[PDB]
Every structure is written in structure tokens, then in C-alpha cells.
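Student: Have a look at this one.
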Amino acid sequence: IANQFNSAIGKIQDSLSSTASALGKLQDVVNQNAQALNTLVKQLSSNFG
Amino acid sequence: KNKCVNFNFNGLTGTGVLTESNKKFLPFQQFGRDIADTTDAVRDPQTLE
Ligand SMILES: *[C@@H]1O[C@H](CO)[C@@H](O[C@@H]2O[C@H](CO)[C@@H](O)[C@H](O)[C@H]2NC(C)=O)[C@H](O)[C@H]1NC(C)=O
């Protein structure tokens, strides 16, 4: 049972090294804020007639 | 330089700290701009820098 647990934590090293794909849920949140800040900044160029 | 001022370059009035730029503008360019469309940098009309 300890060898199962130690193996299973071992697989988390490989999963979290190899890609961002699981953390994509947190990436989406920081990326949405960066996109909205950059949009409110780009709207300063709007000439509004 | 290096002090906040009410600048005006050729009619491009504004408030800022002025500093020497490593940015290399082309001869056809007198001003630069931010992603926000504010005047980021200027080529001085009497000393070509
Ligand atoms: C239950 O399954 C585990 C694997 O999850 C079996 O453990 C393996 O057993 C073989 C020898 O039969 C070893 O070569 C492996 O190294 C063992 N793995 C680990 C993680 O120790 C276990 O034999 C199975 N038990 C029963 C009663 O079926």
C-alpha cells in the first residue's frame, strides 16, 4: 500500500513536469485578467467620433 | 532630463520625466507610440536624438 502511494506520487512528478495542460484552469484565470486589462488599455486609442 | 516636466515638442504638449532613449527611430519618424496610443518617445527638433 505504501509502494502504491509512493508510485502514485511519482506519477504526479511526470504529469506536472511534462505539460501545463492540467493547470490550464489557473492559466485561463490569469490570462482572462491580462486580456481584460490589455483591452481597457487598448480602448484609450478609441476615437469615439 | 530625469525630472518631471510640462514638455512640448513641436506642439506635442504633455507631462513626463524625459530620458535618453536606446530606441532607434527612422528618419521619417518623429514620435513613437504606446499600445495605448499615447506618445511614448520623441526625436528632438534641434538635437537629432
Ligand atoms: C495486487 O496488485 C499489485 C500491483 O498493484 C501486485 O503487486 C505486484 O506483484 C508482483 C509479483 O506478483 C511484483 O512484481 C510487483 O512489483 C508488485 N507491485 C508492487 C507495487 O509491489 C500484487 O501482487 C497483487 N496482489 C494480489 C493478492 O493479487
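Residues are named by chain letter and number: chains run A, B, ... in the order of the C-alpha cells, numbers start at 1 in each chain, and ligands are numbered from 1 in the order shown.
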Could you pull out the helix (DSSP H, G or I) residues of chain A from DSSP and send them as a PyMOL selection string?

Tutor: chain A and resi 2-18+24-45

Student: I need the chain B residues near chain A as a VMD selection string; criterion: at most 7 Å, counting only C-alpha atoms.

Tutor: chain B and resid 35 to 37

Student: Restricting it to N, CA, C and O atoms, dump the selection as a PDB file, in the first residue's frame.

Tutor:
ATOM      1  N   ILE B  35       1.097  50.943 -26.788  1.00  0.00           N
ATOM      2  CA  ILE B  35      -0.043  50.079 -27.194  1.00  0.00           C
ATOM      3  C   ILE B  35      -1.363  50.837 -26.951  1.00  0.00           C
ATOM      4  O   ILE B  35      -2.329  50.677 -27.683  1.00  0.00           O
ATOM      5  N   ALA B  36      -1.376  51.660 -25.903  1.00  0.00           N
ATOM      6  CA  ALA B  36      -2.439  52.582 -25.573  1.00  0.00           C
ATOM      7  C   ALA B  36      -2.517  53.853 -26.460  1.00  0.00           C
ATOM      8  O   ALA B  36      -3.284  54.761 -26.130  1.00  0.00           O
ATOM      9  N   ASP B  37      -1.727  54.019 -27.530  1.00  0.00           N
ATOM     10  CA  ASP B  37      -1.757  55.227 -28.396  1.00  0.00           C
ATOM     11  C   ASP B  37      -1.433  56.570 -27.691  1.00  0.00           C
ATOM     12  O   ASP B  37      -1.764  57.669 -28.147  1.00  0.00           O
TER      13      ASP B  37
END

Student: Could you please extract the residues within 8 Å of ligand 1, counting only C-alpha atoms and all ligand atoms, and hand them back as an MDAnalysis selection string?

Tutor: chainID A and resid 1 3:4 7

Student: Could you check how far CA of residue 4 in chain B sits from CA of residue 16 in chain B, in Å to one decimal?

Tutor: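 These two atoms are separated by 5.1 Å.
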
Student: Report, in Å with one decimal, the straight-line distance from CA of residue 27 in chain A to CA of residue 34 in chain B.

Tutor: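 Between CA of residue 27 in chain A and CA of residue 34 in chain B the gap is 26.1 Å.
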
Student: Go ahead and compute the interatomic distance for CA of residue 23 in chain B and CA of residue 3 in chain B, in Å to one decimal.

Tutor: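 Separation between CA of residue 23 in chain B and CA of residue 3 in chain B: 19.9 Å.
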
Student: List the spatial neighbours of residue 18 in chain B as a list in words - criterion: any atom at most 10 Å away, only C-alpha atoms, same-chain residues fewer than 6 positions off excluded.

Tutor: residues 1, 2, 3, 4, 5, 7, 41 and 42 of chain B

Student: How about saving the chosen residues, N, CA and C atoms kept, as a short mmCIF file (atom, residue, chain, number, x, y, z; two decimals), in the first residue's frame?

Tutor:
data_model
loop_
_atom_site.label_atom_id
_atom_site.label_comp_id
_atom_site.auth_asym_id
_atom_site.auth_seq_id
_atom_site.Cartn_x
_atom_site.Cartn_y
_atom_site.Cartn_z
N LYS B 1 16.43 66.73 -18.34
CA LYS B 1 16.31 65.26 -18.24
C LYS B 1 16.08 64.82 -16.78
N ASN B 2 15.54 63.62 -16.59
CA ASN B 2 15.46 62.92 -15.30
C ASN B 2 14.67 63.65 -14.20
N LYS B 3 13.84 64.63 -14.58
CA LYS B 3 12.97 65.47 -13.75
C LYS B 3 11.62 65.49 -14.44
N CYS B 4 10.52 65.49 -13.71
CA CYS B 4 9.20 65.59 -14.28
C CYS B 4 8.97 67.01 -14.81
N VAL B 5 8.38 67.16 -15.99
CA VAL B 5 8.22 68.46 -16.65
C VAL B 5 6.93 68.53 -17.48
N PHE B 7 6.48 69.19 -20.78
CA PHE B 7 7.13 69.26 -22.09
C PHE B 7 6.20 69.74 -23.17
N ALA B 41 7.69 58.21 -27.16
CA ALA B 41 9.04 58.74 -27.36
C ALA B 41 9.08 59.75 -28.50
N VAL B 42 10.07 60.63 -28.52
CA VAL B 42 10.19 61.76 -29.44
C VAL B 42 11.60 61.98 -29.91
#
